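Asks:
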Ligand SMILES: NC(=O)c1ccc[n+]([C@@H]2O[C@H](COP(=O)([O-])OP(=O)(O)OC[C@H]3O[C@@H](n4cnc5c(N)ncnc54)[C@H](OP(=O)(O)O)[C@@H]3O)[C@@H](O)[C@H]2O)c1
C-alpha cells in the first residue's frame with residue numbers, strides 16, 4: 041500500500057526483484073525505483089566493487105544485495121520468495137570461454153521461471169528485441185528467439201517487452217561507432233541500404249517499465265517500442281562523425311573483451327521493422343523522444359567546446 | 001663504435017617503459033567518463049595567456065650574459081701559451097665588460 045509523496049523515503053507498495061542490473065540497461069532502471077522508493081532486491085553475480093555506484097539510490101534499507109550463480113536452483117529461489125513483481129534482463133553479447141550460450145537464453149530464464157512461478161509472484165517480465173527472428177539469423181539474434189518461444193511455455197501471461205534499438209549515455213550500440221579511430225572507416229558493408237533502425241532513447245524504455253509495473257491489466261499483452269522521428273539513413277554514420285569532428303574485468307587488462315570478428319558486424323544490420331499492430335509504446339504512455347535533441351550529449355571527443363550544430367535528416371523516405 | 005649504442009639502448013629502454021604504462025595496461029573503454037572534467041583541477045578558463053613584461057626581460061638578459069662566457073670558456077686553454085701580458089690583460093677585459101652591463105641595468109631591474 042502507498043503513503044505520502046513519492047519523492048523519496050515513501051513506501052509505494054511494490055517490492056521488485058531486478059536481476060542483472062549492472063549493465064547499461066539494468067542499472068538505469070533501478071535509478072527510477074530508488075526515487076519512488078521500494079524494496080528493490082537486486083542480486084548480483086560476482087561483483088563486490090563494481091556495484092558500489094548503485095548504493096546512493098536506495099534510501100536506507102530500500103535495496104539489498106545477494107550473490108547467486110544462476111544455474112543453481114535455490115540461489116535464485118531464495119530471493120524470489122518475498123516479492124510482488126520480478127523483471128528479467130539477464131544475458132550478454134558473445135559466447136564466453138566458460139559458458140555454452142545456447143540454453144543461457146533457454147534454461148536460465150526458465151531457471152527463474154521455476155518455483156519462482158509457483159511461490160506466488162505476479163507480473164513476471166522478460167525482454168525481447170525488434171530483430172530476434174527465427175529465420176536464419178543470427179547465432180545471438182536467433183537463440184534469443186528460442187527465449188521468445190521456449191520460455192513462453194511457462195508463464196502464459198507475462199508482458200514480455202520488445203524494445204527497439206537503444207541509444208543512451210553509457211551504451212555500446214552507438215558507441216561501437218565513433219570508437220573507430222582506426223586505419224579506416226569501413227561501413228557495413230560499404231552500403232546504405234537498410235540503415236537505419238529505430239534508436240529509442242533509454243529514458244523512454246526505463247519509463248515504459250515503471251508505467252507498466254503498476255499499469256494494471258498488462259499481462260500477456262506484449263509491447264514493442266516506437267523509435268524516434270522517423271526511420272533514419274546511412275547519414276547516421278556521417279551524422280555521428282558530424283558533431284564528433286572525427301566492469302569487473304581484470305587488474306591490468308582483460309585480454310578478451312573484443313569487437314568480435316564474427317556475427318557482430320551483422321548482428322545490427324538485419325533490421326526487420328516488425329509488426330506495427332503491436333500496441334506498443336505510446337499506449338504504454340507517455341513517451342516520444344527524438345534523436346536530434348539528445349545527440350549532442352553522449353558523443354564527446356577532443357573538441358569539447360565548439361559544435362556549431364546544423365546537421366539533420368529529412369525523414370527519411372518510407373516514413 | 002659504441003656511443004651510438006651507448007645511448008640508443010638508453011632511449012629504447014626509456015620508450016619501452018612508457019608504452020607499457022600509457023598503452024597496454026590502460027585502454028579505458030568502460031565507463032571512463034571523459035566528460036568536461038579533467039580540466040586541470042578547475043573549470044573553464046575563458047581568458048587566454050596574458051603578456052607579463054617582468055617575465056620577458058628575464059629571458060633576454062640571460063641570453064646576453066650567456067654569450068660571453070663562451071668567449072670566457074677557453075681560459076684554461078689560454079694558459080700554456082706565448083706572450084702572457086696580453087693574455088692576462090685581455091682576460092680581465094671581458095669580465096669587466098660583463099660587469100658594466102650589470103651596473104647599468106642594475107639601476108632598473110623591476111620585480112623580476
Ligand atoms: N533491448 C536491447 O536493445 C538489447 C541490446 C543489447 C543486448 N540486450 C540484451 O538485454 C539485456 C540488456 O543488458 P545490458 O544492455 O545492460 O548489457 P549487459 O552487459 O549484457 O548487462 C546485463 C548483465 O547480465 C550479466 N550477465 C552475463 N551473463 C550472466 C550470467 N550467466 N549470469 C548472470 N549474469 C550475467 C552481465 O554481467 P555480470 O554477470 O557481471 O552481471 C551484465 O551485468 C541483456 O540480456 C542483453 O544481452 C538487449
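Residue numbers (PDB author numbering), protein chains in the order written: chain R, 41 to 286, 301 to 373; chain 3, 1 to 112.
We treat Cβ as the ideally placed atom computed from N, Cα and C, and that holds for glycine.
1) Would you mind telling me which residues of chain 3 sit closer than 9 Å to residue 301 (chain R), beta carbon to beta carbon, in chain order?
2) Between residue 170 (chain R) and residue 65 (chain R), is the Cβ-Cβ spacing less than 9 Å?
3) One question on the structure: do residue 125 (chain R) and residue 56 (chain R) come within less than 9 Å of each other, judged by their Cβ atoms?
4) Identify every residue that forms a DSSP beta bridge with residue 105 (chain R).
5) Decide if residue 83 (chain R) is buried, meaning its Cβ has at least 16 other Cβ atoms within 10 Å, or exposed.
6) Using a cut-off of 7 Å between C-beta atoms, extract the partners of residue 27 (chain 3) located in chain R.
7) By DSSP, does residue 103 (chain 3) sit in helix, in strand, or in coil?
8) Which residue or residues does DSSP assign as beta-bridge partners of residue 164 (chain R)?
9) Please report whether the beta-carbon of residue 314 (chain R) lies at a distance below 9 Å from any beta-carbon of chain 3.
10) Since residue 240 (chain R) is in the beta strand (DSSP E), which residue starts that stretch and which ends it?
11) Which partner residues of residue 57 (chain R) appear in the DSSP bridge assignment?
12) Do we get a CB-CB distance below 9 Å when we pair residue 43 (chain 3) with the residues of chain R?
13) Using only alpha-carbon positions, find the residue among 234 (chain R), 121 (chain R), 106 (chain R) and 48 (chain R) that is nearest to residue 99 (chain R).
14) Rounded to whole angstroms, what's the CA-CA distance from residue 361 (chain R) to residue 349 (chain R)? Just pull it up for me.
15) When every heavy atom of ligand 1 is checked, does at least one fall within less than 8 Å of the C-beta of residue 209 (chain R)?
16) Quick check on residue 201 (chain R): does DSSP put it in helix, strand or coil?
17) Hey, is residue 319 (chain R) close to ligand 1, as in C-beta under 8 Å from one of its heavy atoms?
18) Taking 8 Å as the cut-off, is the CB of residue 90 (chain R) close to at least one heavy atom of ligand 1?
19) Tell me whether the region 255-271 of chain R and the region 191-207 of chain R touch, counting them as touching only if at least three CB pairs, one residue from each stretch, are closer than 8 Å.
20) Should residue 312 (chain R) be listed as close to ligand 1, given that the test is whether its C-beta is under 8 Å from any heavy atom?
21) Could you list which residues in chain 3 have their beta carbon closer than 7 Å to that of residue 210 (chain R), in chain order?
22) Quick check on the burial criterion: 16 or more other C-beta atoms within 10 angstroms. Buried or exposed for residue 61 (chain R)?
Replies: According to the data block:
1) 30 and 31
2) no
3) yes
4) 82 (chain R)
5) buried
6) 307
7) helix
8) 126 (chain R)
9) no
10) 239-241
11) 81 (chain R)
12) no
13) 48 (chain R)
14) 12 Å
15) no
16) strand
17) no
18) yes
19) yes
20) no
21) 31
22) buried
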